[PDB]
Enquirer: 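Quick one: the structure is below, and I'll ask about it shortly.
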Amino acid sequence: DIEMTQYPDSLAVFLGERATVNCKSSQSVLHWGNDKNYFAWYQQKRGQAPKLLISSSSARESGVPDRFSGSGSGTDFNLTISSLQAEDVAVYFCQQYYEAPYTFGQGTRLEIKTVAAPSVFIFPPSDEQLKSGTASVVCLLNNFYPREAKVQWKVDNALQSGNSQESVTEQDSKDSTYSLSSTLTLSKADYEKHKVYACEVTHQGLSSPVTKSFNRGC
Amino acid sequence: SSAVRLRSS
Amino acid sequence: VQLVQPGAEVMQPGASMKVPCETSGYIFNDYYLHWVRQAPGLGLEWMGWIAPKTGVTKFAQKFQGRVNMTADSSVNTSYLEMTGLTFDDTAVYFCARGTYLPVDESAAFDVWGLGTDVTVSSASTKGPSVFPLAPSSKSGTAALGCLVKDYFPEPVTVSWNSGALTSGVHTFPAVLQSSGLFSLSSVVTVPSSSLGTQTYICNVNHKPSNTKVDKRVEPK
Ligand SMILES: *[C@@H]1O[C@H](CO)[C@@H](O)[C@H](O)[C@H]1NC(C)=O
Ligand SMILES: *[C@@H]1O[C@H](CO)[C@@H](O)[C@H](O)[C@H]1NC(C)=O
Ligand SMILES: *[C@@H]1O[C@H](CO)[C@@H](O)[C@H](O)[C@H]1NC(C)=O
């Protein structure tokens, strides 16, 4: 199989600036017969199908704006955006269609902006939910950049592990931040054996980690 | 030998 | 010129699936179709192609002996069949158009289906419980929201105040719990000053169970 690898995994660029994605193939996709590279680039936005941008290494599809261009031959290709626009935030994929199996790599492109600290909130389980035997504790990290954050749960100052799950918004269209929701799930019986419920946050925007917490009983 | 890469080859 | 696919299919572990791709706006027989799948938050994986005119196929080695690709030109549709489904087959299945057969030069995939979201699960259809995330007795701006728990399948939609409140709204992607049911949160940031004043309702819609819930979120 022809293995495709993209560099980097994740690219942050300021609006109006140049962005370049690299792809390497483990074998040449240049055909001696016509001197053509059987190499494509695709754009995929969150929740949509891939869109073909570039085929034959460098031929733009109809309607792809000319800020997009492709370069390389054989095993080494770049996709370049001369000037990043907001509509260009997406995941970009390479593909070889030189021989089956017709393999892809993977590359995430976001707007770069200044570092922003998360606003942190903690939510105890509702009375409604406790009546049904489960306790969800939610921690919210609102409007931070960059995307990397660490949430740590603690219950009477004991570090929790394996009993939480989190998810992260797409980049906000108005301020280019991310938000994050973490849920800690316990049995009501387990919830009711502890006092202190704490959400601890570590982020590049914070000078030290931020903790939010409540005592069971409100 | 083909001038082009052929899907069914 | 397009490829039409159904939005979603839910199958059981160990069962078979059949995902269609109906062609529009061109001659069904004249192009190769490809299947490419994408597990939640991951890459694109090429599965195989079919030349619908002749039914000749080629599959990636890892799918050999559990997939088939077939074509019925009478409905302009081509089908992906796969057996022995597992959790690892949960993914979106896209069909895409490649090579023009009369010339047969290998080509990139210019036209894609929207994809069929296939969930492998033995869970039953279930509407969500909606719990309040009450604004805390501190704060500037306050956070509040809705916890939408224990539904199956995806998706649910959330709106605040019947669509009048959109500024400072964050509806998170859902997470699959070990129960096999989904959970998500929707939060908004609001002026602290408005907490005793302004009503906040999250409007939840889970189409699969025909569940609508309006939940008022007040200070506790
Ligand atoms: C692609 O981009 C890098 C800069 O990231 C450059 O130095 C490299 O030589 C370029 N290669 C091709 C294949 O166009
Ligand atoms: C199949 O496709 C062609 C042209 O796109 C058309 O003439 C034919 O009716 C289509 N539909 C059916 C139901 O065969
Ligand atoms: C795939 O379907 C075609 C048409 O029904 C059939 O002739 C073929 O043998 C099928 N199964 C496999 C694995 O090829």
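These values consider heavy atoms only, across backbone and side chains, with no hydrogens, waters or symmetry-generated copies. Order of the sequence lines sets the chain letters (A, B, ...), proteins ahead of strands, with each chain counted from 1.
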Enquirer: Which region of C:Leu184, side chain (C-beta onward) or backbone (N, CA, C, O), has a non-hydrogen atom less than 4.5 Å from a non-hydrogen atom of chain A, or is it both or neither?
Expert: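 Answer is neither: C:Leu184 stays 4.5 Å or more from chain A.
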Enquirer: May I ask you to decide if the ring planes of C:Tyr26 and C:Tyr31 are parallel, tilted or perpendicular, using 30° and 60° as cut-offs?
Expert: perpendicular
Enquirer: Hey, which of C:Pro132, C:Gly43, C:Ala96 has the most heavy atom pairs under 4.5 Å with chain A?
Expert: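 Of the options given, most contacts go to C:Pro132.
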Enquirer: Contact part of C:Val92 toward chain A, heavy-atom cut-off under 4.5 Å: side chain, backbone, both or neither?
Expert: neither
Enquirer: Kindly write out the residues that satisfy salt bridge (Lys or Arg N to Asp or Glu O under 4.0 Å) with A:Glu3, not counting sequence neighbours, or none if the list is empty.
Expert: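 Listed in chain order: nothing, the list is empty.
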Enquirer: Under 4.5 Å, heavy atom to heavy atom, which residues of residues 121-129 of chain A contact chain C?
Expert: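 Within residues 121-129 of chain A, the residues that come under 4.5 Å of chain C (heavy atoms only) are A:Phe121, A:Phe123, A:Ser126, A:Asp127, A:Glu128, A:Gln129.
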Enquirer: Roughly how far, to the nearest 0.5 Å, is the OG1 atom of A:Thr169 from the CZ atom of A:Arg46?
Expert: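 Here the rounded value is 7.0 Å.
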Enquirer: Looking at chain C, which one of A:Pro50, A:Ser55, A:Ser181, A:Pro101 has the largest number of heavy-atom pairs inside 4.5 Å, strictly under?
Expert: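 Most heavy-atom pairs within the cutoff with chain C belong to A:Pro50.
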Enquirer: Students often mix this up, so state it plainly: with edges at 30° and 60°, are the rings of C:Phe182 and C:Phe152 parallel, tilted or perpendicular?
Expert: parallel
Enquirer: I'd like to know if the side chain of C:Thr99 pairs up with that of A:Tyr97 as donor and acceptor (distance under 3.5 Å, no hydrogens or angles considered).
Expert: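 The answer is no; no qualifying pair exists.
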Enquirer: Sort A:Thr134 into side chain, backbone, both or neither according to what part of it lies under 4.5 angstrom from a heavy atom of chain C.
Expert: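 It is the side chain, since no backbone atom gets that close.
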Enquirer: In residues 137-146 of chain A, which residues are in contact with chain C at a heavy-atom separation under 4.5 Å?
Expert: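 Against chain C, the residues of residues 137-146 of chain A that fall inside the cut-off (heavy atoms, under 4.5 Å) are A:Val138, A:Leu140, A:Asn142, A:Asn143.
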Enquirer: Find the one option among C:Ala134, C:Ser178, C:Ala108, C:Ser137 whose heavy-atom pairs under 4.5 Å with chain A are most numerous.
Expert: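 It is C:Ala108.
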Enquirer: Does a side chain donor of either C:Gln2 or C:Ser24 reach within less than 3.5 Å of an acceptor in the other side chain?
Expert: no
Enquirer: Relative to chain A, which segment of C:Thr189 carries a heavy atom at a distance below 4.5 Å: side chain, backbone, both, or neither?
Expert: side chain
Enquirer: Name the member of A:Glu170, A:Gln44, A:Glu166 that forms the most heavy-atom pairs with chain C at distances under 4.5 Å.
Expert: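 Ranked by heavy-atom pairs under 4.5 Å with chain C, first place is A:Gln44.
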Enquirer: Please list, chain by chain and in numerical order, all residues satisfying side chain to side chain donor-acceptor pair (under 3.5 Å) with C:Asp110, sequence neighbours excluded.
Expert: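 C:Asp110 satisfies side chain to side chain donor-acceptor pair (under 3.5 Å) with C:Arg97 only.
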Enquirer: Just by distance, no angles: are the side chains of C:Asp150 and C:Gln177 close enough, under 3.5 Å, to form a donor-acceptor pair?
Expert: yes
Enquirer: With a 4.0 Å cut-off on N to O distance, would you call A:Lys113 and A:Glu111 a salt bridge?
Expert: no
Enquirer: Given that the side chain runs from C-beta out, which part of C:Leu44 has a heavy atom under 4.5 Å from chain A: side chain, backbone, both or neither?
Expert: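 Both parts, heavy atoms under 4.5 Å.
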Enquirer: Side chains of C:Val175 and A:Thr183, heavy atoms from C-beta outward: is any pair under 4.5 Å?
Expert: no
Enquirer: Is A:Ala40 close to chain C through its backbone or its side chain, or both, or neither, when contacts mean heavy atoms under 4.5 Å?
Expert: side chain
Enquirer: Distance alone, cut at 3.5 Å: any donor-acceptor contact between the side chains of A:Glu148 and A:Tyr178?
Expert: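 No.
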Enquirer: Will you find, in the side chains of A:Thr211 and A:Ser213, an N or O donor that is under 3.5 Å from an N or O acceptor?
Expert: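 No, because no side-chain N or O of A:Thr211 sits under 3.5 Å from a partner of the opposite role on A:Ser213.
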Enquirer: Looking at chain C, which one of A:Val91, A:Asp172, A:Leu180, A:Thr103 has the largest number of heavy-atom pairs inside 4.5 Å, strictly under?
Expert: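 Counting heavy-atom pairs under 4.5 Å, the top option is A:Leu180.
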Enquirer: Parallel, tilted or perpendicular: which one describes the rings of A:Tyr42 and C:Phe109, with boundaries at 30° and 60°?
Expert: tilted
Enquirer: Of the backbone (N, CA, C, O) and the side chain (C-beta and beyond), which part of C:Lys138 lies under 4.5 Å from a heavy atom of chain A, both, or neither?
Expert: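 Neither the backbone nor the side chain of C:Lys138 comes within 4.5 Å of chain A.
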Enquirer: Salt bridge between A:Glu87 and A:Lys51, side-chain N to carboxylate O under 4.0 Å?
Expert: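 Salt bridge: no.
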Enquirer: Tell me whether A:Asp1 is salt-bridged to C:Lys62, with the criterion being a basic N under 4.0 Å from an acidic carboxylate O.
Expert: no
